[PDB]
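Scope of the values below: all heavy atoms of this structure, side chains included, with no hydrogens, waters or symmetry mates. Quick note on labels: first sequence line is chain A, next is B, and so on, each numbered from 1.
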Amino acid sequence: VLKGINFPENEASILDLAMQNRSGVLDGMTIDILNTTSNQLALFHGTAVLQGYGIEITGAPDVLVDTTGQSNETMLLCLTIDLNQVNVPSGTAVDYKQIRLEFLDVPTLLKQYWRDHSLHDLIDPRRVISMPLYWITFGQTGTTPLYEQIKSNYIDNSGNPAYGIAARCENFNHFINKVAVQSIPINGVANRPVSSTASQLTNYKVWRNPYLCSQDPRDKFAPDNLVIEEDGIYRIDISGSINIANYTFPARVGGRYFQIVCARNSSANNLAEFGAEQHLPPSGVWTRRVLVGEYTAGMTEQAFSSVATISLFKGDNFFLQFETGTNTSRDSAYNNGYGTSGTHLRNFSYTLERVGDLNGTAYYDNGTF
Amino acid sequence: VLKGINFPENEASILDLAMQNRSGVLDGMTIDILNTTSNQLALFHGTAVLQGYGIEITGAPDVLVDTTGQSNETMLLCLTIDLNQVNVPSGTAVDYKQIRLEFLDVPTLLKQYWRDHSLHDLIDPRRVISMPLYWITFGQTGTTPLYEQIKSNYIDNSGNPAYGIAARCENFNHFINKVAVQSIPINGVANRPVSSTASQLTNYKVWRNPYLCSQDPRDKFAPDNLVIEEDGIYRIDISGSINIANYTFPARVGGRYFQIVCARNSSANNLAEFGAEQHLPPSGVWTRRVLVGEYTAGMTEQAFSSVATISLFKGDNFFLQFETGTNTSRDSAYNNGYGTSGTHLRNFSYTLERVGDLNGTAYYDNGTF
Amino acid sequence: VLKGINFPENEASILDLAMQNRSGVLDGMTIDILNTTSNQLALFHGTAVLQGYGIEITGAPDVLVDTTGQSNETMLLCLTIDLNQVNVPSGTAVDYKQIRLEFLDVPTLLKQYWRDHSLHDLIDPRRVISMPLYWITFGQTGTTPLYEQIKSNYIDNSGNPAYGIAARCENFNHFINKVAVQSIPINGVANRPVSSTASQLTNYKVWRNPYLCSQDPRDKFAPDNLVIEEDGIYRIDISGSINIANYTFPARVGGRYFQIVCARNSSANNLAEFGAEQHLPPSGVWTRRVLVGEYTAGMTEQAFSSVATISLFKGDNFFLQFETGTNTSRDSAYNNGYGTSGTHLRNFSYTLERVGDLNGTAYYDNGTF
Ligand SMILES: [Cs+]
Ligand SMILES: [Cs+]
Ligand SMILES: [Cs+]
Ligand SMILES: [Cs+]
Ligand SMILES: [Cs+]
Ligand SMILES: [Cs+]
Ligand SMILES: [Cs+]
Ligand SMILES: [Cs+]
Ligand SMILES: [Cs+]
Ligand SMILES: [Cs+]
Ligand SMILES: [Cs+]
Ligand SMILES: [Cs+]
Ligand SMILES: [Cs+]
Ligand SMILES: [Cs+]
């Protein structure tokens with residue numbers, strides 16, 4: 001059965017503030033394929049908090065969602081709170097009509113999504129709120145559906161659920177293309193130097209917090225760009241070295257300028273999860289920030305590190321770029337070599353973390369940079 | 001009406017600990033000038049938490065504060081909790097005599113200020129506690145007063161209200177004066193190089209958390225110094241580059257030493273908000289910390305970055321300094337040029353964040369550095 | 001008397017989540033030697049939270065623990081919650097039989113320790129849980145015992161009790177031994193250069209959070225290694241400079257490679273407090289991470305800085321190492337000098353902070369690096 005832990009609105013408002021205004025599944029509530037048929041969808045036992053209301057699923061099958069008539073549609077399996085309903089106290093013992101497990105389309109879910117609307121809202125308070133758990137694609141009549149967990153709505157970062165690391169990676173090596181401007185691939189694939197003449201695309205360890213960011217879905221941007229899912233002040237840390245950096249040989253060392261920048265772009269709307277409307281940034285918002293700017297120093301390998309705080313908005317693209325001159329005999333930080341003999345990033349890594357919010361006055365005051 | 005949400009002392013102690021022992025206005029409670037007259041002061045509806053007690057202002061005018069007889073005095077408009085009073089339950093419905101909106105002078109507010117005293121204190125528990133909302137300067141009889149919001153007591157940094165960013169800025173460029181020791185202007189105005197021969201004072205984007213820090217009010221120190229409002233272990237991050245750095249030309253490169261330091265000074269008492277007594281640091285406390293120390297390397301532009309954790313105390317001045325030699329032909333990191341042709345900081349930025357507390361044993365153990 | 005604040009299991013689960021699942025003493029509850037005899041152990045008044053249950057000790061002696069028959073044994077003084085017991089409501093006023101102050105051996109404490117087991121556990125829920133306060137060594141009959149506070153179970157880092165700084169130090173100088181690989185001493189003693197020919201072991205200011213880390217007890221590793229007490233994603237920040245770094249003199253500058261790495265090692269089991277079993281890391285976990293890798297640049301002093309996030313596991317050794325070549329005429333970053341004339345780390349400091357957890361899926365996804 002779908003049970004309420006503390007189902008009242010005042011205590012919910014207090015627990016929501018204690019959860020840092022984040023809602024989500026605390027434990028279990030995953031799909032049970034062994035108990036799922038063509039007319040029912042089974043979900044395992046678990047606990048969830050939705051805008052300060054504790055929801056519990058009580059053993060096989062733990063709970064069953066009626067899927068009769070559902071076919072040839074992609075739907076969202078949602079956990080919903082409806083305060084217009086009444087919890088029946090039969091047996092002085094509670095049915096919980098204020099809690100539902102249902103199927104919704106994307107526009108309906110967006111209109112009542114906890115991330116964008118609230119039961120405790122000041123300007124537009126709601127009586128109905130929902131949390132999406134899975135994308136469920138119902139096939140032809142008589143089949144079992146396919147599904148895709150909505151990881152952003154599952155808490156498992158726990159002590160500071162709305163903040164913390166958004167993305168991080170292990171050290172990696174990446175060949176620098178012979179161009180003026182290029183992105184640094186932050187999404188798990190680098191063009192690794194492997195021999196004196198060649199580099200090859202190689203996976204490296206990377207992790208993203210789906211509540212805070214996701215990989216860009218576009219072919220041109222998937223290796224390099226993150227989509228920011230939550231507004232905030234973020235901290236970006238980078239560290240690494242430039243190996244086989246170019247310079248003019250003493251004939252004094254002729255250094256070559258380069259910079260590593262972080263960048264944001266909000267030109268494309270609806271990149272956030274569910275195609276949600278982006279949050280428009282304040283007038284005069286930054287788009288490019290120098291993290292490291294200097295000249296090559298005449299050494300085989302030169303280290304760098306930088307830490308900055310930056311504002312990012314729901315729907316933004318975030319990326320890192322390496323910039324230098326294109327004349328290898330005069331102004332380029334890169335040389336004419338390939339593989340390990342060519343200029344490359346070595347032991348490069350980054351962490352992106354959400355460290356502050358942009359609510360109230362901070363939007364205009366802290367949000368422009 | 002002034003309403004209490006959960007007005008009992010045990011649940012208040014729990015909510016206060018959940019608020020990270022911070023009190024303040026959560027929403028609204030700003031001045032309503034359209035409903036303010038010569039005999040009344042109007043305040044808009046809102047919610048506030050004072051040492052774990054929820055206070056609510058319930059529509060125009062939402063609440064009215066009697067200002068009869070108030071003239072030719074600067075006062076503090078405060079929200080107060082008096083546990084000696086009794087909440088009248090008339091109409092089995094509550095008046096809330098334990099909550100007041102009143103005018104206090106600075107010494108009285110300091111004697112019962114939530115930041116320095118508590119209703120739940122172990123050594124000296126109080127029955128009366130207050131939160132200042134505005135400075136109100138009452139003019140001559142028959143006029144409306146002037147006012148200045150006390151932003152430190154307004155929450156709008158929310159998930160970690162007692163911690164988070166204290167100050168941060170965007171990248172800026174700043175000309176290095178031809179002196180051995182100088183402060184780096186961290187308060188929003190830099191001496192920006194603008195031509196081959198000149199620099200000009202230019203604003204850059206900066207933000208301060210008024211709960212954690214404020215700009216020094218003294219003319220000599222206003223461009224450079226912060227006043228720390230809250231004790232703690234802070235993290236200072238800096239990044240930038242030294243452009244047109246001086247060095248002896250090969251005739252080998254003759255590098256020139258420089259350092260960037262952060263500094264604290266507590267010589268001046270009562271710099272904290274309301275002229276509150278500073279918190280004296282432990283014996284042997286640090287005053288100067290090297291963030292970057294090295295020689296110029298022979299390049300046009302040389303990048304740096306540093307991250308340190310440091311103890312800071314309520315009432316302290318905090319600042320950053322650039323130090324180098326003064327003989328340009330031998331030991332100075334600066335040259336004999338002006339504007340963009342002179343040594344300057346380029347793409348310089350910083351973040352100061354409160355990351356830990358100095359309560360209990362940590363005062364002596366972690367507070368000296 | 002031993003009093004319960006809110007002694008019900010649902011509200012305990014909520015307060016435990018608000019405490020970031022940390023249990024411990026909030027105030028007092030220290031040993032009272034003036035009221036301690038050969039048959040009784042006195043403890044001072046205080047407040048503690050154990051898995052969301054508030055425990056209070058109510059004035060001299062505040063509480064007395066019977067020590068009759070205790071002799072010639074090292075025991076653990078523990079505060080225990082037993083939900084199998086019943087709180088007697090005599091005098092319509094509560095005795096609190098569900099709370100005990102007792103002596104336990106290490107295996108019994110480990111079997112019911114709050115850090116490893118829970119009253120609210122999903123897979124193995126418990127009815128008995130304990131928090132160790134002191135090691136108590138009872139001597140020969142008729143004597144008073146010796147004791148050692150268990151600081152990890154005392155909260156006094158308060159707003160984010162499960163996270164925050166694990167270890168930090170002030171700037172220090174350390175002579176680089178003429179070897180290929182060496183650890184950097186992070187535990188409070190450095191080999192400080194003091195003259196043109198000598199260095200001497202000198203204390204520097206350091207602080208550790210006993211909940212998160214401790215000094216390695218082994219002679220060979222005590223100057224250099226931390227023992228991690230809590231799993232998590234940690235942030236390591238380092239900054240400093242390499243002074244009197246070696247290089248081949250122009251006859252072009254012949255730079256010399258060096259790196260500073262952080263390292264983890266879990267070969268030795270039971271290093272965690274009480275000899276608790278280490279938490280085994282995921283398959284393919286990192287052991288060495290480059291923080292700074294570059295060549296010496298021809299300057300007297302060269303600065304560096306690095307920030308990385310890394311996974312660490314309960315029971316791990318954590319340390320920092322400096323690596324370079326051993327041929328001073330060709331590949332070593334160190335020279336042939338001693339004291340201030342020899343290559344050394346200058347103004348070196350670090351902070352290690354716990355920034356994320358490794359619960360659920362994050363163990364496999366974020367835990368390998
Ligand atoms: Cs709470
Ligand atoms: Cs069906
Ligand atoms: Cs259908
Ligand atoms: Cs699936
Ligand atoms: Cs996406
Ligand atoms: Cs008046
Ligand atoms: Cs007056
Ligand atoms: Cs005003
Ligand atoms: Cs000030
Ligand atoms: Cs940092
Ligand atoms: Cs005895
Ligand atoms: Cs015994
Ligand atoms: Cs002792
Ligand atoms: Cs130890």
ask   = Using 30° and 60° as the class limits, which term best fits the ring planes of A:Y350 and A:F348: parallel, tilted or perpendicular?
value =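 It falls in the tilted class, 30° to 60°.
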query = Mind checking whether B:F313 and B:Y363 have parallel, tilted or perpendicular rings, split at 30° and 60°?
reply =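 Perpendicular: the ring planes of B:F313 and B:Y363 meet at over 60°.
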query = Does NZ or CZ of B:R289 fall inside the cone over B:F369's six-membered ring, less than 6.0 Å from its centre and within 45° of the axis?
reply = no
ask   = Do B:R354 and B:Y163 meet the cation-pi criteria used here (NZ or CZ under 6.0 Å from the six-membered ring centre, within 45° of the axis)?
value = yes
request  = Output yes when a side-chain donor or acceptor of C:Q215 lies under 3.5 Å from a complementary backbone atom of C:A222, and no otherwise.
outcome  =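 Side chain of C:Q215 to backbone of C:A222: a pair is present.
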ask   = Under 3.5 Å, is there a donor-acceptor pair between the side chain of C:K178 and the main chain of C:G337?
value =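 Checked: pair present.
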request  = Just do the side chain to side chain donor-acceptor pair (under 3.5 Å) check on B:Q302 and B:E294 with the steps written out, would you?
outcome  = CA-CA 11 Å; B:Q302 177 177 344; B:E294 62 175 356; 3.1 Å; yes
Candidate pair B:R264 and B:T287, rule side chain to side chain donor-acceptor pair (under 3.5 Å), full reasoning = CA-CA 5 Å; B:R264 60 164 293 287; B:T287 54; over 6 Å; no
Without placing hydrogens or testing angles, list every side-chain donor-acceptor pair under 3.5 Å for residues 206-213 of chain C, not counting sequence neighbours.
residue : atom : partner : partner atom : Å
C:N209  : OD1  : C:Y211  : N            : 3.1
C:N209  : ND2  : C:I165  : O            : 3.2

ask   = Do the charged groups of C:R288 and C:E323 touch, with an N to O distance under 4.0 Å?
value =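 Salt bridge: yes.
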query = Is the closest side-chain heavy-atom distance between A:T300 and A:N243 below 4.5 Å?
reply =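 Side chain of A:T300 against side chain of A:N243, heavy atoms only: contact under 4.5 Å found.
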request  = Among C:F322, C:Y247, C:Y295, find the residue that satisfies the ring pair (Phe, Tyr, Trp, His ring centres under 6.0 Å) test when tested with C:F258.
outcome  = C:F322
